[PDB]
Each structure stands twice: as C-alpha cells, then as structure tokens.
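This is start-v5.cif (mmCIF, C-alpha atoms (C1' of nucleotides)).
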```cif
data_structure
loop_
_atom_site.label_atom_id
_atom_site.label_comp_id
_atom_site.auth_asym_id
_atom_site.auth_seq_id
_atom_site.Cartn_x
_atom_site.Cartn_y
_atom_site.Cartn_z
CA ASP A 2 -15.83 30.82 -15.61
CA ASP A 3 -15.53 27.73 -13.41
CA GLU A 4 -18.22 29.02 -11.03
CA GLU A 5 -20.46 29.76 -14.02
CA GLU A 6 -19.99 26.24 -15.38
CA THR A 7 -20.67 24.74 -11.94
CA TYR A 8 -23.90 26.75 -11.86
CA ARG A 9 -24.63 25.46 -15.36
CA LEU A 10 -24.26 21.84 -14.23
CA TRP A 11 -26.42 22.39 -11.14
CA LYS A 12 -29.18 24.11 -13.12
CA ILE A 13 -29.18 21.44 -15.82
CA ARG A 14 -29.39 18.73 -13.15
CA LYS A 15 -32.38 20.55 -11.63
CA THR A 16 -34.02 20.67 -15.06
CA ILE A 17 -33.39 16.93 -15.52
CA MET A 18 -35.01 16.25 -12.13
CA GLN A 19 -38.05 18.36 -13.03
CA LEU A 20 -38.32 16.61 -16.41
CA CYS A 21 -38.11 13.17 -14.80
CA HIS A 22 -40.77 14.15 -12.26
CA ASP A 23 -43.08 15.49 -14.98
CA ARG A 24 -42.61 12.35 -17.08
CA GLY A 25 -43.97 10.23 -14.22
CA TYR A 26 -40.77 8.76 -12.80
CA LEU A 27 -39.80 8.63 -9.13
CA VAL A 28 -37.54 11.38 -7.79
CA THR A 29 -36.89 12.42 -4.21
CA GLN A 30 -37.95 15.82 -2.92
CA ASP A 31 -34.42 16.84 -1.87
CA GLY A 32 -33.27 15.72 -5.30
CA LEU A 33 -35.89 18.07 -6.73
CA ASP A 34 -34.65 21.05 -4.68
CA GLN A 35 -30.84 21.12 -4.45
CA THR A 36 -29.07 24.40 -3.78
CA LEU A 37 -25.80 25.48 -5.38
CA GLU A 38 -23.87 24.99 -2.13
CA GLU A 39 -25.42 21.56 -1.55
CA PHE A 40 -24.65 20.50 -5.13
CA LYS A 41 -21.06 21.72 -4.75
CA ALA A 42 -20.71 19.79 -1.49
CA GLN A 43 -22.17 16.64 -3.06
CA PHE A 44 -20.29 16.58 -6.38
CA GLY A 45 -17.31 18.93 -6.14
CA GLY A 46 -16.60 22.64 -6.33
CA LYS A 47 -14.25 22.96 -9.31
CA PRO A 48 -15.21 20.71 -12.26
CA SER A 49 -12.31 21.71 -14.51
CA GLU A 50 -9.37 19.40 -13.61
CA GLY A 51 -11.46 18.36 -10.61
CA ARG A 52 -13.99 15.94 -9.17
CA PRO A 53 -17.27 16.49 -11.15
CA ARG A 54 -16.14 15.30 -14.58
CA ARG A 55 -19.60 14.99 -16.29
CA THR A 56 -19.44 11.18 -15.86
CA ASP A 57 -20.64 10.86 -12.25
CA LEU A 58 -23.79 12.91 -13.00
CA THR A 59 -25.76 10.01 -14.50
CA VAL A 60 -29.08 9.41 -12.74
CA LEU A 61 -30.98 6.18 -12.08
CA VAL A 62 -34.75 6.71 -12.02
CA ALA A 63 -37.65 4.28 -12.29
CA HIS A 64 -41.33 4.67 -13.05
CA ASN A 65 -43.90 5.00 -10.28
CA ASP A 66 -46.12 2.17 -11.52
CA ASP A 67 -43.33 -0.16 -12.71
CA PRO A 68 -40.01 -0.37 -10.81
CA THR A 69 -38.33 -1.99 -13.84
CA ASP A 70 -38.74 0.87 -16.33
CA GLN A 71 -35.26 2.09 -15.32
CA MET A 72 -34.56 5.22 -17.34
CA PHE A 73 -31.08 6.77 -17.28
CA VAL A 74 -29.61 10.08 -18.37
CA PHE A 75 -26.12 10.50 -19.81
CA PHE A 76 -23.75 13.46 -20.04
CA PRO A 77 -21.17 12.77 -22.78
CA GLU A 78 -17.62 14.01 -22.36
CA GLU A 79 -16.93 15.30 -25.86
CA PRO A 80 -18.89 18.28 -27.21
CA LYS A 81 -19.40 16.57 -30.59
CA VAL A 82 -21.14 13.29 -29.77
CA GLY A 83 -20.46 10.67 -32.41
CA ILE A 84 -21.21 7.10 -33.43
CA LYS A 85 -18.39 5.77 -31.23
CA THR A 86 -19.72 7.48 -28.09
CA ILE A 87 -23.32 6.52 -28.87
CA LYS A 88 -22.26 2.92 -29.53
CA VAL A 89 -20.48 2.85 -26.15
CA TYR A 90 -23.59 4.26 -24.44
CA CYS A 91 -25.90 1.80 -26.22
CA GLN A 92 -23.67 -1.18 -25.41
CA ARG A 93 -23.70 -0.07 -21.75
CA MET A 94 -27.49 0.21 -22.07
CA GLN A 95 -27.37 -3.40 -23.26
CA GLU A 96 -25.54 -4.90 -20.26
CA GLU A 97 -27.55 -3.02 -17.66
CA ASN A 98 -30.58 -4.02 -19.80
CA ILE A 99 -32.54 -0.75 -19.85
CA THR A 100 -34.63 0.58 -22.73
CA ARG A 101 -34.80 4.39 -22.45
CA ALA A 102 -32.13 7.05 -22.03
CA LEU A 103 -31.43 10.77 -22.43
CA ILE A 104 -28.27 12.23 -23.95
CA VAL A 105 -27.32 15.75 -22.88
CA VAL A 106 -25.05 16.99 -25.65
CA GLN A 107 -22.84 20.02 -25.01
CA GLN A 108 -23.35 21.75 -28.37
CA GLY A 109 -24.36 19.26 -31.05
CA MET A 110 -23.89 15.74 -32.34
CA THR A 111 -22.96 14.62 -35.83
CA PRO A 112 -25.68 13.93 -38.44
CA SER A 113 -24.52 10.32 -38.69
CA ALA A 114 -24.96 9.99 -34.92
CA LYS A 115 -28.42 11.56 -34.95
CA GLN A 116 -29.35 9.20 -37.78
CA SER A 117 -28.02 6.25 -35.76
CA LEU A 118 -30.39 7.36 -32.99
CA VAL A 119 -33.25 6.88 -35.46
CA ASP A 120 -31.88 3.52 -36.62
CA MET A 121 -31.59 2.31 -33.01
CA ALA A 122 -35.08 3.58 -32.12
CA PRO A 123 -37.31 0.42 -31.91
CA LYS A 124 -35.34 -1.59 -29.34
CA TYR A 125 -33.91 1.39 -27.43
CA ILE A 126 -35.32 4.90 -27.07
CA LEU A 127 -32.66 7.59 -27.49
CA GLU A 128 -33.40 11.31 -27.22
CA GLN A 129 -31.05 14.18 -28.06
CA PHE A 130 -31.00 17.18 -25.73
CA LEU A 131 -28.74 20.20 -26.03
CA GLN A 132 -27.16 21.78 -22.97
CA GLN A 133 -28.57 25.14 -24.06
CA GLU A 134 -32.12 23.75 -24.21
CA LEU A 135 -32.02 22.28 -20.70
CA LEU A 136 -30.60 25.38 -19.02
CA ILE A 137 -34.18 26.43 -18.20
CA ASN A 138 -37.56 24.74 -17.75
CA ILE A 139 -39.84 25.85 -20.57
CA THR A 140 -42.99 24.61 -18.80
CA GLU A 141 -42.64 27.36 -16.18
CA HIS A 142 -43.06 30.12 -18.78
CA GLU A 143 -46.24 32.16 -18.63
CA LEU A 144 -46.92 31.58 -22.33
CA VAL A 145 -46.73 27.78 -22.04
CA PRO A 146 -49.93 26.26 -20.61
CA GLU A 147 -50.27 22.97 -18.77
CA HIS A 148 -49.78 19.81 -20.84
CA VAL A 149 -51.21 16.48 -19.66
CA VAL A 150 -50.39 13.20 -21.40
CA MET A 151 -53.52 11.12 -22.00
CA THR A 152 -53.77 7.35 -21.68
CA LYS A 153 -55.09 5.11 -24.45
CA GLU A 154 -58.38 4.42 -22.64
CA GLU A 155 -58.91 8.16 -22.13
CA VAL A 156 -58.21 8.80 -25.82
CA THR A 157 -60.67 6.07 -26.82
CA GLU A 158 -63.32 7.53 -24.51
CA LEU A 159 -62.67 11.00 -25.95
CA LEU A 160 -63.04 9.82 -29.55
CA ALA A 161 -66.20 7.90 -28.64
CA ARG A 162 -67.69 10.92 -26.85
CA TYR A 163 -67.04 13.49 -29.57
CA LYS A 164 -67.49 10.95 -32.42
CA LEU A 165 -64.17 11.97 -33.95
CA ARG A 166 -61.45 10.33 -35.98
CA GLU A 167 -57.78 10.86 -35.18
CA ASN A 168 -57.31 12.96 -38.32
CA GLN A 169 -59.87 15.57 -37.23
CA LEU A 170 -58.00 16.52 -34.05
CA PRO A 171 -55.54 19.41 -33.95
CA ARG A 172 -51.93 18.36 -34.30
CA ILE A 173 -48.59 18.92 -32.59
CA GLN A 174 -45.24 17.93 -34.08
CA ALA A 175 -42.94 15.43 -32.41
CA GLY A 176 -40.11 17.98 -32.65
CA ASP A 177 -42.04 20.49 -30.54
CA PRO A 178 -40.10 21.60 -27.42
CA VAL A 179 -42.93 20.56 -25.08
CA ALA A 180 -43.28 17.26 -26.95
CA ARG A 181 -39.57 16.56 -26.50
CA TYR A 182 -39.78 17.67 -22.86
CA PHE A 183 -42.51 15.12 -22.16
CA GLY A 184 -40.90 12.50 -24.41
CA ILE A 185 -44.15 11.95 -26.29
CA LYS A 186 -44.20 9.88 -29.48
CA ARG A 187 -46.31 9.57 -32.61
CA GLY A 188 -49.94 8.57 -32.16
CA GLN A 189 -50.37 9.85 -28.60
CA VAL A 190 -52.74 12.66 -27.61
CA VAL A 191 -51.68 15.50 -25.31
CA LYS A 192 -54.29 17.45 -23.34
CA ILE A 193 -53.85 21.21 -22.92
CA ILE A 194 -55.62 23.14 -20.15
CA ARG A 195 -55.37 26.91 -20.46
CA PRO A 196 -57.15 29.88 -18.87
CA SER A 197 -59.77 31.55 -21.03
CA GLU A 198 -60.62 35.24 -21.26
CA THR A 199 -64.28 34.55 -22.10
CA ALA A 200 -65.08 31.22 -20.42
CA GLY A 201 -62.45 30.99 -17.68
CA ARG A 202 -61.09 27.56 -18.57
CA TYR A 203 -60.69 25.82 -21.93
CA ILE A 204 -59.40 22.32 -22.68
CA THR A 205 -57.74 21.50 -26.01
CA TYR A 206 -56.63 18.08 -27.27
CA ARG A 207 -53.73 17.71 -29.70
CA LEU A 208 -52.55 14.61 -31.55
CA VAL A 209 -48.80 14.01 -31.85
CA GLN A 210 -48.53 13.16 -35.54
"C1'" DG B 1 -52.94 46.21 -118.15
"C1'" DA B 2 -56.33 46.58 -114.58
"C1'" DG B 3 -58.28 43.98 -110.94
"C1'" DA B 4 -57.07 41.14 -107.23
"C1'" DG B 5 -56.06 37.48 -103.77
"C1'" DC B 6 -53.09 35.26 -101.19
"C1'" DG B 7 -47.96 34.51 -100.09
"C1'" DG B 8 -44.32 36.34 -97.09
"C1'" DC B 9 -42.16 39.45 -93.54
"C1'" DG B 10 -40.37 47.59 -59.57
"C1'" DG B 11 -40.23 45.68 -55.26
"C1'" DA B 12 -40.80 41.90 -51.71
"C1'" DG B 13 -40.67 37.08 -50.32
"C1'" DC B 14 -40.79 31.47 -50.53
"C1'" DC B 15 -38.34 27.22 -53.46
"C1'" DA B 16 -34.53 24.88 -56.55
"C1'" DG B 17 -29.65 24.34 -57.23
"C1'" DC B 18 -24.98 24.20 -56.57
"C1'" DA B 19 -20.71 24.64 -53.80
"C1'" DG B 20 -17.89 24.32 -50.17
"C1'" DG B 21 -16.84 21.92 -45.90
"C1'" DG B 22 -16.48 18.23 -42.11
"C1'" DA B 23 -17.52 12.83 -40.24
"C1'" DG B 24 -16.59 8.27 -41.45
"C1'" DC B 25 -15.30 4.06 -43.52
"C1'" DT B 26 -11.72 1.59 -46.28
"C1'" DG B 27 -7.11 -0.13 -48.36
"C1'" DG B 28 -2.20 0.20 -47.57
"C1'" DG B 29 1.73 -0.34 -44.85
"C1'" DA B 30 3.92 -0.11 -39.32
#
```
Represent the structure of the file as structure tokens.
Amino acid sequence: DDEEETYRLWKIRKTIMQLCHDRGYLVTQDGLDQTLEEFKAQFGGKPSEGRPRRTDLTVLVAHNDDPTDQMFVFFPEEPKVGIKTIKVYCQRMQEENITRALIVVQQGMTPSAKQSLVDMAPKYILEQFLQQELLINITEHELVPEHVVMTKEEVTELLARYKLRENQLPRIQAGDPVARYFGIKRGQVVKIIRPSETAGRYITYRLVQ
DNA sequence: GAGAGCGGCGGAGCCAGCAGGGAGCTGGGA
C-alpha cells in the first residue's frame, strides 16, 4: 500500500542515517531520529503520483575529520538499474567531484551494471545495496556483536605485539553483510568485541581478505 | 601313442555441463 511504501522509505532512510553515523560521517541527531509523521511532513505523504519521488531523498554527508570527503547516497528510479543509469550517476559524481557513493537498488541491477561498478572502482567507489537489505539494521541483532574498524597504525601495533603475519589472522569476506555495512575493503582489519561465557569479554581480530 | 607344455578362450550429497532466457551493442534505414 502507499502507507506501507512510505513507511518503507522512512525506515530505509533511518537505516542510511545509522550506516552513515557508524561509518564515521557527520549526521545530525534529529536526522538520526525522524518519526513517520515528521518524515511525511518533510518529504510528502503520498509518494505514488506525489511529492517524494525517490529523487529528492539523496543525502549529503561529510566525514568528521575531513569536510571534503563528501559521500552521497542515491535512490534510482527504475527497479532494474543499468549501465545508462549508473553512467548518469557517475557523470554527476564527476561534476560535483566526489569519490564515494551508495546506490539503493529496488530489487536488483543487471550483471553488466554490477561489472561496471567493478570496472569503475579505482577512481570512484560504488556500492550496491538492495532495498530489502536496508529495511533493517543488522548491527542491532543480538547475534551480531560489535565491529570496530581498526586504523593502519593500530594494525601495525597489533602485528608487532603478537608477532603475526597477515595470513595467520582469521578472515572475513568482503561480501559479508557487516563488511558491506561498514564499507570495509580488502586488506583492512576489523576488531570484534563480544561477551564471553567463561571470561566475560573476548576480542577477536579479522582480516578482510 | 603316451606324455606333456603352452596356446587360446542402495542411498545421500557436492561438482561439471548444457540449455534456456534477458541486457546490450551494432548495422540498416526513418
């Protein structure tokens, strides 16, 4: 229904705000907690043949340390995102001169488009996200523990302390849902803190490789 | 010819493999 799809847009915007906050970017508190009525007042009440048309939902955020990181998110119109739409989005990325973006696909993009995302990867970072994936925050589940992204100096200090190579660490795939949530890439180490039945707290390090 | 020696005559669960079905570019004509 129209009310259901309005709820869907509000919830997915809340998940985008939580993801951008967890990735280290700057979001406002009221942007973090928007109600359904407040979202409807801000963007429109009936999106079908109405005001919120999935184009005005793009978000400008910047990193806390660097105000020129300038990450956007995009909500494509068509359910099947293709090379034409991705080329339009990347050309737009070129004139506003930003490097990183998120694409929130309705159902799925074409294999040629998802390959073009890999081909465009060095200069511009493009990530595919389904609307079904972002309908809930997976980091709030009781099974999922806390994930902390480590800096390069911290990783170097860790490997010097334990006298380890990068191969000897446990691994996590780049296609992992938490890895895609944090936007981690190959070669980085994620730090997992979980409660322990026997010791109380246990810390595990995993290499994204 | 006898002795004989060798010649021939069930079930369960991961991979490969093909087949059918859309994007997407390209030559032809509007």
Given the file above and the PyMOL selection byres ((chain B) within 12 of (chain A)), which residues are selected, and can you give them as a list in words?
residues 22, 23 and 24 of chain B
What gap, in Å, lies between CA of residue 88 in chain A and CA of residue 121 in chain A?
10.0 Å
d(CA of residue 50 in chain A, CA of residue 131 in chain A) in Å:
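Between CA of residue 50 in chain A and CA of residue 131 in chain A the gap works out to 23.0 Å.
CA of residue 126 in chain A lies 21.7 Å from CA of residue 148 in chain A.
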Considering all atoms listed in the file, can you say which of A:203, A:183, A:40, A:163 comes closest to residue 140 in chain A?
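Nearest candidate to residue 140 in chain A out of A:203, A:183, A:40, A:163: A:183.
Here the PyMOL selection byres ((chain A and resi 17) around 10) catches exactly these residues: residues 11, 12, 13, 14, 15, 16, 18, 19, 20, 21, 22, 23, 33, 60, 74, 103, 105, 135, 136, 137, 138 and 182 of chain A.
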Result set of the PyMOL selection byres ((chain A and resi 170) around 10) on the coordinates above, as a compact mmCIF listing (two decimals) with C-alpha atoms, keeping the file's coordinate frame:
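Here's the written file result_31.txt:
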```txt
# COMPACT_ATOMS: atom_id res chain seq x y z
CA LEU A 160 -63.04 9.82 -29.55
CA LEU A 165 -64.17 11.97 -33.95
CA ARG A 166 -61.45 10.33 -35.98
CA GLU A 167 -57.78 10.86 -35.18
CA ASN A 168 -57.31 12.96 -38.32
CA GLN A 169 -59.87 15.57 -37.23
CA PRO A 171 -55.54 19.41 -33.95
CA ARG A 172 -51.93 18.36 -34.30
CA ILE A 173 -48.59 18.92 -32.59
CA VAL A 190 -52.74 12.66 -27.61
CA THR A 205 -57.74 21.50 -26.01
CA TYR A 206 -56.63 18.08 -27.27
CA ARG A 207 -53.73 17.71 -29.70
CA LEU A 208 -52.55 14.61 -31.55
CA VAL A 209 -48.80 14.01 -31.85
```
Exercise: residues within 8 Å of coordinate (-27.4, 26.2, -26.7), counting only C-alpha atoms (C1' of nucleotides), as number ranges by chain
A: 107-108, 131-134
Excluding same-chain residues fewer than 5 positions from residue 65 in chain A, what lies within 8 Å of it counting only C-alpha atoms (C1' of nucleotides), as a ChimeraX atom specification?
/A:25-27
